[PDB]
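One structure is given here, and the rest of the page talks about it.
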Amino acid sequence: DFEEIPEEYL
Amino acid sequence: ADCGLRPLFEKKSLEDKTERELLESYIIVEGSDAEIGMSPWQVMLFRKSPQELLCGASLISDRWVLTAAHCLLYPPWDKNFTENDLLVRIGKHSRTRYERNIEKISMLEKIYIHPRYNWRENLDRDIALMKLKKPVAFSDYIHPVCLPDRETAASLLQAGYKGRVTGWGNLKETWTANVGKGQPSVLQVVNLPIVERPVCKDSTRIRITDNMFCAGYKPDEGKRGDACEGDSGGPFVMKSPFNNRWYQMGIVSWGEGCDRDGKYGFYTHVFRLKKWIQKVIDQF
Ligand SMILES: N=C(N)NCCCC[C@H](NC(=O)[C@@H](Cc1ccc(O)cc1)NC(=O)[C@@H]1CCN1C(=O)[C@@H](CC1CCCCC1)NC(=O)[C@H]1CC[C@@H](CNC(=N)N)CC1)C(N)=O
C-alpha cells in the first residue's frame, strides 16, 4: 500500500 | 516564536474551511479531507521495515517532534521501538505516496519517554519527544505548532470548546482497507468538543487522571467523529482567538472502540506535562 521511498533515508 | 501560524492560511490571511467552527465554540472516523497546508505541523511516524505507518505526531520546532509514548513503548503488544527503527515524515498530505519535493524525511537521534508514563494501567502521562538528527526546513507545508502556556490552557480547555484532530488512521473501527472503506487516501481532519470531566469518567471503567482530557460528541448531539487506529500520537489543536495562533492542547491517547456512542476519545494533557517537555528540551 505504501509507495517506495528513496533508499537514501533507509 | 512564529509557531501556530500557517504559511498558507494565517500568513496570507486566509481561513481554512472549518476553523470558524472552533471559534464559534469559544464561549479519523467521520471526519473529512484536510486542506493543503491546513496542518503544517502534522507528522507521520514511519516504520522502516516493513514500511508502514506507526503513528501520528507533531512538529514543535526544527528539531523536536512530539508524540504519544504508547507509540514507542507498549509492552502489552510487544511494542518497544528504538531510534533506528523509525523515521519521521513531515509535510505530508497523501497517506501512502512519497510526496516528492514537498515532504521531508528525518532520522531519529533520541527518544525521550516520560519517566512516569503508566503503560501498565491507564496510559497516564502518555507523552514522548523525538529529537531529529538534523533540523527540518520549514516551508508552506512544514511549520511548527505552538505549545500552550498556563494562561492559554486555562482559557481554552473548557467543556464545549472545540478542538481539531488530524491523522491518517482508519476511517472505521471495523477492520477495513482499500476496498470497503478503511484507509484514507489523504490526511483526515475532525473538529471535536472537549467534554466535561465527570462525563469522561462516567463513560469508562478506566481510572482517568488529570494528565488527560476527553473529547467527542455525546449521543444526544447527533454529530459524530473520533480518532482511530493509526491516529495515536497525533495532535489535538485549538486556535487561540486571543492571538490567532494554533496550540496543541492534546495528544491522541486512547479510547474504547472508534466513534462509539456514549464513549469518548482521551488525550494527553500537554500543558500539564510542559515542565517535562521543557526540561528535556533544555537539558538536551
Ligand atoms: N494492537 C492491537 N492488538 N489492538 C488495537 C486496538 C485499538 C483500539 C482503538 N485504538 C487506537 O486506535 C489508538 C489511537 C486512538 C486514541 C483515542 C481515540 O478516541 C481513538 C483512537 N490508541 C491506542 O492504541 C492506546 C494504546 C492502547 N490504546 C487503547 O485504545 C485501549 C484503551 C485502554 C487500554 C488499557 C490501559 C488504558 C487505555 N484499548 C483497546 O485496545 C480496546 C479496543 C477494543 C475494545 C472493544 N472491541 C473488542 N473486540 N473487544 C475496547 C478497548 C480504540 N479507539 O479503541
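By convention in this document, the chains of the C-alpha cells carry letters A, B, ... by their order, each chain's residues are numbered from 1, and ligands are numbered from 1 in the order they are shown.
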
*Let me have all residues with an atom within 8 Å of ligand 1, counting only C-alpha atoms and all ligand atoms, laid out as an MDAnalysis selection string.*
chainID B and resid 28 70:71 74 77 119:124 169:170 173 206 215 226:233 252:259 264:267

Export of prior selection with N, CA and C atoms as a compact mmCIF listing (two decimals), in the first residue's frame:
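As written to disk, out-v2.txt reads:
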```txt
# COMPACT_ATOMS: atom_id res chain seq x y z
N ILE B 28 -9.05 8.61 11.67
CA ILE B 28 -10.17 9.53 11.98
C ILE B 28 -11.48 8.97 11.46
N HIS B 70 2.86 5.61 24.02
CA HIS B 70 2.47 4.29 23.61
C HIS B 70 2.78 3.97 22.17
N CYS B 71 3.15 5.00 21.40
CA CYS B 71 3.55 4.82 20.02
C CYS B 71 4.91 4.18 19.93
N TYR B 74 5.00 0.01 24.36
CA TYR B 74 3.78 -0.59 24.85
C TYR B 74 3.93 -2.10 25.02
N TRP B 77 1.67 -5.11 23.86
CA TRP B 77 1.67 -5.51 22.45
C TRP B 77 3.03 -5.76 21.92
N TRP B 119 2.13 2.72 31.27
CA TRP B 119 1.62 1.77 30.28
C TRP B 119 0.90 0.61 30.91
N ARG B 120 1.24 0.34 32.16
CA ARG B 120 0.63 -0.77 32.88
C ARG B 120 -0.82 -0.64 33.15
N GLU B 121 -1.27 0.55 33.52
CA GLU B 121 -2.67 0.72 33.88
C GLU B 121 -3.57 1.59 33.02
N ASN B 122 -3.27 2.87 32.86
CA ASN B 122 -4.19 3.72 32.11
C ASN B 122 -3.58 4.68 31.11
N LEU B 123 -2.36 4.41 30.69
CA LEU B 123 -1.69 5.29 29.75
C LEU B 123 -1.47 6.70 30.29
N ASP B 124 -1.47 6.83 31.62
CA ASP B 124 -1.23 8.13 32.26
C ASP B 124 0.08 8.72 31.82
N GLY B 169 -5.15 7.70 10.32
CA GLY B 169 -5.69 6.49 10.89
C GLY B 169 -6.91 5.98 10.15
N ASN B 170 -7.45 4.86 10.62
CA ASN B 170 -8.61 4.27 9.96
C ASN B 170 -9.85 5.13 9.93
N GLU B 173 -13.94 1.84 12.76
CA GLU B 173 -13.41 0.95 13.78
C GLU B 173 -13.26 -0.46 13.27
N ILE B 206 -12.05 2.63 33.32
CA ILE B 206 -10.66 3.00 33.49
C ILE B 206 -10.48 4.24 34.34
N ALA B 215 -12.56 14.10 24.61
CA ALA B 215 -13.31 14.89 23.65
C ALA B 215 -14.19 14.07 22.73
N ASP B 226 -14.23 10.81 15.71
CA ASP B 226 -13.27 10.34 16.67
C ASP B 226 -11.98 9.93 15.98
N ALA B 227 -10.92 9.73 16.75
CA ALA B 227 -9.70 9.20 16.18
C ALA B 227 -9.83 7.68 16.06
N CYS B 228 -8.86 7.01 15.47
CA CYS B 228 -8.91 5.57 15.39
C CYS B 228 -7.56 5.00 15.15
N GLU B 229 -7.47 3.69 14.97
CA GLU B 229 -6.17 3.07 14.77
C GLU B 229 -5.31 3.77 13.72
N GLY B 230 -4.07 4.10 14.09
CA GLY B 230 -3.16 4.78 13.18
C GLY B 230 -3.07 6.28 13.48
N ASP B 231 -4.04 6.78 14.25
CA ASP B 231 -4.13 8.19 14.65
C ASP B 231 -3.42 8.56 15.94
N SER B 232 -3.13 7.59 16.81
CA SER B 232 -2.45 7.92 18.06
C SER B 232 -1.15 8.64 17.88
N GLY B 233 -0.80 9.47 18.85
CA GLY B 233 0.42 10.26 18.80
C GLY B 233 0.15 11.55 18.05
N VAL B 252 -3.38 12.49 20.91
CA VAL B 252 -4.27 11.35 20.77
C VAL B 252 -3.74 10.20 21.60
N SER B 253 -4.45 9.84 22.67
CA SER B 253 -4.00 8.79 23.57
C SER B 253 -4.77 7.47 23.50
N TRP B 254 -6.04 7.45 23.89
CA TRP B 254 -6.76 6.19 23.84
C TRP B 254 -8.27 6.29 23.88
N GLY B 255 -8.89 5.17 23.56
CA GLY B 255 -10.34 5.08 23.58
C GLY B 255 -10.75 3.62 23.67
N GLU B 256 -12.05 3.39 23.61
CA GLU B 256 -12.61 2.06 23.66
C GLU B 256 -13.57 1.90 22.50
N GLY B 257 -12.99 1.57 21.35
CA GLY B 257 -13.75 1.46 20.13
C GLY B 257 -13.58 2.81 19.44
N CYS B 258 -13.96 2.90 18.17
CA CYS B 258 -13.84 4.16 17.45
C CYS B 258 -15.19 4.73 17.09
N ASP B 259 -15.45 5.94 17.56
CA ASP B 259 -16.70 6.62 17.30
C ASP B 259 -17.91 5.89 17.86
N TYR B 264 -15.84 8.20 24.52
CA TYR B 264 -15.07 9.35 24.09
C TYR B 264 -13.58 9.11 23.91
N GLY B 265 -12.93 10.01 23.17
CA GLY B 265 -11.52 9.90 22.96
C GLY B 265 -10.79 10.58 24.10
N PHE B 266 -9.68 9.98 24.52
CA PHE B 266 -8.85 10.54 25.56
C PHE B 266 -7.54 11.04 25.02
N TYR B 267 -7.15 12.21 25.50
CA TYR B 267 -5.96 12.86 25.05
C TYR B 267 -5.01 13.24 26.14
```

*Backbone DSSP call of strand (DSSP E or B) for segment 207-281 of chain B, listed as a ChimeraX atom specification*: /B:212-215,226,235-239,246-254,265-269

*Please identify every residue of chain B that has at least one atom no more than 10 Å from any atom of chain A, counting only C-alpha atoms, and report them as a count of residues only.*
22

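Relative to atom CA of residue 269 of chain B, atom CA of residue 248 of chain B is found at 9.4 Å.
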
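Distance-wise, atom CA of residue 218 of chain B and atom CA of residue 262 of chain B end up 6.3 Å apart.
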
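Note that the spacing between atom CA of residue 194 of chain B and atom CA of residue 261 of chain B amounts to 15.4 Å.
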
*Do a neighbour search on segment 221-223 of chain B at 10 Å with only C-alpha atoms, toss out local chain neighbours closer than 5 positions, and write the hits as a PyMOL selection string.*
chain B and resi 30+192+216

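With only C-alpha atoms as the basis for measurement, B:260 is the residue among B:147, B:260, B:72, B:160 that approaches residue 203 of chain B most closely.
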
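The shell of residues at most 12 Å from residue 274 of chain B, with only C-alpha atoms counted and near chain neighbours (fewer than 2 positions) removed, consists of residues 66, 114, 125, 127, 128, 129, 146, 147, 148, 149, 150, 153, 211, 248, 249, 250, 268, 269, 270, 271, 272, 276, 277, 278, 279, 280, 281 and 282 of chain B.
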
Go ahead and save the picked residues with C-alpha atoms, as an mmCIF file, in the first residue's frame.
```
data_model
loop_
_atom_site.group_PDB
_atom_site.id
_atom_site.type_symbol
_atom_site.label_atom_id
_atom_site.label_comp_id
_atom_site.auth_asym_id
_atom_site.auth_seq_id
_atom_site.Cartn_x
_atom_site.Cartn_y
_atom_site.Cartn_z
ATOM 1 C CA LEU B 66 6.000 15.398 19.910
ATOM 2 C CA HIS B 114 8.094 10.350 30.145
ATOM 3 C CA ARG B 125 1.299 10.671 31.022
ATOM 4 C CA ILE B 127 3.792 11.541 26.021
ATOM 5 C CA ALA B 128 7.100 11.380 24.223
ATOM 6 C CA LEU B 129 9.602 13.601 22.471
ATOM 7 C CA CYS B 146 2.772 26.165 19.390
ATOM 8 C CA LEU B 147 2.823 24.637 22.902
ATOM 9 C CA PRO B 148 0.400 26.098 25.470
ATOM 10 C CA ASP B 149 1.305 28.228 28.471
ATOM 11 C CA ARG B 150 -0.691 28.236 31.714
ATOM 12 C CA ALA B 153 -4.583 26.286 28.636
ATOM 13 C CA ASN B 211 -2.956 14.330 32.708
ATOM 14 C CA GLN B 248 -1.530 21.787 20.641
ATOM 15 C CA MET B 249 -3.583 21.073 23.774
ATOM 16 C CA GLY B 250 -3.631 17.339 23.450
ATOM 17 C CA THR B 268 -2.729 13.599 26.814
ATOM 18 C CA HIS B 269 -2.927 16.938 28.595
ATOM 19 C CA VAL B 270 0.041 18.715 27.005
ATOM 20 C CA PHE B 271 0.129 21.657 29.344
ATOM 21 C CA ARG B 272 0.234 19.512 32.484
ATOM 22 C CA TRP B 276 8.832 17.757 31.497
ATOM 23 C CA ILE B 277 8.923 18.908 27.899
ATOM 24 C CA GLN B 278 10.892 21.995 28.855
ATOM 25 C CA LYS B 279 13.415 20.076 30.931
ATOM 26 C CA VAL B 280 14.048 17.566 28.152
ATOM 27 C CA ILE B 281 14.472 20.270 25.565
ATOM 28 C CA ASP B 282 16.517 22.486 27.885
#
```
